[PDB]
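Chemist: Whatever this is, show me its structure:
(2 chains)
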Amino acid sequence: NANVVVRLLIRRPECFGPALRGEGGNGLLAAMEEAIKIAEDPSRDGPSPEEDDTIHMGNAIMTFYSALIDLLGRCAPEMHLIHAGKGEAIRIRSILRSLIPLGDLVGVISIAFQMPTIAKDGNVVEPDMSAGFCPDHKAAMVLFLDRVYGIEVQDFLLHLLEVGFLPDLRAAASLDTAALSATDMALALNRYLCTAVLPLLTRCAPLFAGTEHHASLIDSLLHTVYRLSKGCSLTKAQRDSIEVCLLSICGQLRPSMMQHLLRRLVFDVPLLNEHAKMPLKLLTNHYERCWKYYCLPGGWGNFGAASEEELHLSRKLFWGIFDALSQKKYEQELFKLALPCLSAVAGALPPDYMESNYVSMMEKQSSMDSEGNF
Amino acid sequence: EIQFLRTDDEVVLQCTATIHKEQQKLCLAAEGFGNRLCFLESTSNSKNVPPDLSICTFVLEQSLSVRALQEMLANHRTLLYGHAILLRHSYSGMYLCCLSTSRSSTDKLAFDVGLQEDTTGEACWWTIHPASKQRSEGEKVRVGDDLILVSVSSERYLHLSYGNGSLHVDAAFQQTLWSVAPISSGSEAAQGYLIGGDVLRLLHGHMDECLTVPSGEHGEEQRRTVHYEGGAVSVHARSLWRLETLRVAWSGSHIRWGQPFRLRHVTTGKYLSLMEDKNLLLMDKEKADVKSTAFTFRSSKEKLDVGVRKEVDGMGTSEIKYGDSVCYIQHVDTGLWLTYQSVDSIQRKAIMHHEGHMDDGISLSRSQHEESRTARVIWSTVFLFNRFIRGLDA
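Modeler: Residues are numbered from 1 along each chain as shown, chains lettered A, B, ... in the order given. Shown next is the structure:
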């Protein structure tokens, strides 16, 4: 049913909309921008001479193009058939690639939303969902980009992460305030990120191996995802998806890159609240994998060794977790997940390690303060 | 009684243009060396500008079913609607294909149609479908049919692009009706007999002086005259002429006495013609008119007119034999006979006379395929390099 539909749609190219007709069509990204302008303008948006009868034409165009792209992405052949080498599947994928350029998808993803804001009186002003650009529109873009073009290059992955994925994650992490948490924008953005973006980054985890040159974007991504995980309104499925994504990425990352995330973890884990569930496992996995980096003086030959600041952080984490467990009431799962982390940290730490009297200067934990995080 | 397109038949693909409310017949053309792209050659203005069918002719190698072609890719037949055909360009020996690289002729979806060397892949193969509801899948394809072609690789029709200022041929989702015209059939050809589109030498006299133009004096205006010369010029490429008939369809048939044709000088690309001052001078494709550039082969000097003969829609009967037959050239309109001025290698001038000498008969010698190919290569290369030199000089 996919091969028939694709052939029918290419037989009648008018089905693709004026942007993609091809006789001087502006393009998908230009169509989305014109839709933004139309949805902003009152005259072209409305009839301009019961409330449900109001059709926001900008949103209508956006939804049409998003639905078309989603349908084509679903019509794209499955990966295993292409690996087997079926000529018809390869040809269908080639046709879809010809129809939709990758640059247009990247641009449409790069388009940013309009975030809700709180007013002078404290009543948050909310953009109407029935009008304007919605994350569901980008969901179809991501579906097409994953099922047709595919992300198999670290350079493409990093470029996408820098241009389109990271800004939305930052917006979600910034909309985690108490008043703005339950808003429609927040819920829609969480549903988009936890079902389209994060699973993509989880499936593309191996590409994260050789990212030494991009050592800042990875750290930004880790902190943003961790803040989103600490967010409150997230459902159980969304929380699980974030946990899986973070555990997958951190496992493939280099030992040195996780220093910044370790600095945040050593300040939140000792609380041993429910939110520490995922940090405990992340620490356990990290110190089980990269144990040679810490214990042996040589460490990993390619990776190197600790800077003794990581060692200080690790010892502080170990002792904080130990004390918190000591004065914490016995919880079954909490204890059976805290014990492996303590054991892994103890194994990783060199037995004869030097406690440096040179304490850090201006430890900026108050910078990421408990309330407001900044 | 009805003719079917068969494999190993040399044909051309035609399309109709409706620019500013007129019917303009166009043929698919491509030259192997240099530009691999495909362009359109006009055959509607045959009276004013001769068409270059030599780069428009194609040959049908194989006509396999879709199932058989898919099986093969996984690993004198008569064309039937729905089969996949392989077209080989006669001049270049390369096959029509979808290049998968677009020139961006205001159509992002469209692809470019060109020529490719290898046969492997699904780009070279094209499916033939009925363009008329009278025909149906599986039926034999008549010679006088409109055919719609779909690329196996991209499912894009062979499309004629009106939208751009110049006419283009491309692979697009819109469909354009193509008509296939039978140029010639290889099997019916008779050895030693002159057929249309042969590169040949016009040998004169016992000394076998061949009708040629002045040598490479670097003067494109001095090379425009015509004279009889003997010696190494009979082996050189400056004595090669291409005989082109005035008809598009069945242009590769057997040449008959009393059949008008145009003689084209291969290396210079200019057509033989008669001046108003009664002198033989080569002019250009743009100003080669039929009235000036039409010649005839006549068996004898007799003044009896050949009258009018019904043009047979077939290969015809063999009537002119290479070497054995002796022919006399006569201008179609003026009726004058080509002759030597006999004024003094030999370098005797070719003048165009009412009566002429008694020994004005010529002999016809066919040229090897390699030699003809090399001469056209020389012409196409000198054209491009002269353009390059002029641009650099500017």
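Chemist: quick one: the residue in the stretch 151-300 of chain A that chain B sits nearest to and residue A:107, what's the gap?
Modeler: Proximity of the stretch 151-300 of chain A to chain B (Cβ to the nearest Cβ) peaks at residue A:152, 20.5 Å away. All C-beta atoms are positioned from the backbone trio N, CA, C, and that covers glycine. Here residue A:152 is placed at a distance of 21 Å from residue A:107 (Cβ to Cβ, to the nearest Å).
Chemist: Show me the helices in chain B, by range?
Modeler: Secondary structure of chain B (DSSP state H): helices at B:66-74, B:290-293, B:369-393.
Chemist: how deep is residue B:168 tucked in, by neighbour count?
Modeler: Close neighbours of residue B:168, defined as other Cβ atoms under 10 Å in any protein chain shown, add up to 23.
Chemist: tell me the contacts of it?
Modeler: Residues near residue B:168 by Cβ atoms under 8 Å, 6 or more residues apart in numbering or on different chains: B:40, B:105, B:160-161.
Chemist: Now look at stretch B:88-108 and say if it contacts chain A.
Modeler: Yes - Stretch B:88-108 lies within reach of chain A by Cβ under 8 Å from any Cβ of the partner chain, at B:106-108.
Chemist: Residue B:339: how many residues sit nearby?
Modeler: If you count neighbours by other Cβ under 10 Å, residue B:339 ends up with 23.
Chemist: repeat for residue B:243
Modeler: For residue B:243, the neighbour count with other Cβ under 10 Å is 21.
Chemist: One more: the one 3 residues further on?
Modeler: Residue B:246 has 19 neighbouring residues, counting by other Cβ under 10 Å.
Chemist: got the residues of the stretch 201-350 of chain A near chain B?
Modeler: Counting by Cβ under 8 Å from any Cβ, no residue of the stretch 201-350 of chain A is near chain B.
Chemist: Is the residue of chain A most remote from its centre within a helix or a strand, and which one?
Modeler: Each residue of chain A has a distance to the centre, and by Cα atoms, centre = their mean the biggest one is for residue A:49: 44.0 Å. Per DSSP states H and E: residue A:49 is located in neither a helix nor a strand.
Chemist: any idea how far residue A:60 is from it?
Modeler: Computed as Cβ to Cβ, the residue A:49 to residue A:60 distance reads 19 Å.
Chemist: Taking the residues of stretch B:88-108 next to chain A, please make a ChimeraX selection of just the buried ones.
Modeler: Per 16 or more other Cβ atoms under 10 Å in any protein chain shown, the buried members of those correspond to this ChimeraX selection:
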select /B:107,108
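Chemist: Throw the residues of stretch B:88-108 next to chain A into TSV and include distance to residue A:310, thanks.
Modeler: Formatted as TSV, those follow (distance: Cβ to Cβ, whole Å):
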residue	distance to residue A:310
B:106	59
B:107	58
B:108	52
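Chemist: thinking again about what came up before, residues near the residue of the stretch 151-300 of chain A closest to chain B, how many?
Modeler: For residue A:152, the number of neighbouring residues by other Cβ under 10 Å comes to 9.
Chemist: Tell me which two in the contacts of residue B:168 are the farthest apart.
Modeler: Spatial extent of these (Cβ to Cβ) is set by the pair B:40 and B:105 at 13.0 Å.
Chemist: neighbour count winner among the two?
Modeler: Neighbour count, other Cβ under 10 Å: between residue B:40 and residue B:105, residue B:40 has more, with 20 against 16.
Chemist: Distance of the more buried one relative to residue B:284?
Modeler: From residue B:40 over to residue B:284 the distance is 20 Å, taken as Cβ to Cβ.
Chemist: Around chain A, pick out the residues from the stretch 101-250 of chain B.
Modeler: B:106-111, B:122, B:153-155, B:163, B:173-174.
Chemist: Pull out the buried residues from those residues.
Modeler: Burial by neighbour count, judged by 16+ other Cβ under 10 Å, picks out B:107-111, B:122, B:153-155, B:173-174 from these.
Chemist: Quick check: residue A:346 touching residue A:318?
Modeler: Yes - in this structure residue A:346 lies within contact range of residue A:318 using Cβ atoms under 8 Å: 6.5 Å.
Chemist: Between the two, tell me which one has more neighbours.
Modeler: Each of residue A:346 and residue A:318 has its neighbours counted (other Cβ under 10 Å); residue A:318 has more, 20 against 13.
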